[PDB]
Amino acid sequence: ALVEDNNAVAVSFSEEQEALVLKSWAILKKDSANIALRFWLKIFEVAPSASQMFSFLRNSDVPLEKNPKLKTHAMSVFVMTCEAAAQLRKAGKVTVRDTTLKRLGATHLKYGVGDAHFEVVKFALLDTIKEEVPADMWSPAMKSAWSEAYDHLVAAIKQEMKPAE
């Protein structure tokens, strides 16, 4: 089927699917400061207006945009997506805490984050892993793993953005 999210319906996310999303994260982990610049400059590239939801460039003294509410948020996508994949395999579904997902719902709704923003971030997510990881650990199998993860994350948050069920 093609529903918003599998709340209780059969999602097999194999031990191997999860293995790819962890290992590769671990590689990017090491070069976290740099990749998160290239990840954001890839988003700013596709949809420069997306990077209006934070603020113009002021920290260390350059229009590079070394601001901390980005480096931190870049890490939330990537860490929160790894915690998604990790979840899918054990339970079959995204079960983040109610405070945290209630919280993300209202943040994203307040800042106008639409459907088109979630997908240009996943584009850039995938692209930055493709790009950073060796061409030899990267496969289609690994893009779907992170796709699935992200896809089910964004779906739990988007249901926090509209009224009752």
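Residue numbers here begin at 1 and follow the sequence given.
Between 54-62 and 101-109, it is 54-62 that carries the larger average Cα temperature factor according to the deposited entry. On average the C-alpha atoms of 34-42 have higher B-factors than those of the other stretch, with 34-42 and 121-129 being the two compared. Going by the entry's values, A10 shows the largest Cα B-factor out of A10, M142, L153, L22. Among the modelled residues of its chain, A47 has a C-alpha B-factor that falls in the lowest third according to the deposited record. In this PDB entry, the Cα temperature factor of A74 sits in the middle third of its chain's modelled residues. In the deposited entry, the Cα temperature factor of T81 places it in the lowest third of its chain's modelled residues.
Annotation for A116: C-alpha temperature factor in the lowest third relative to the rest of the modelled chain, per the entry.
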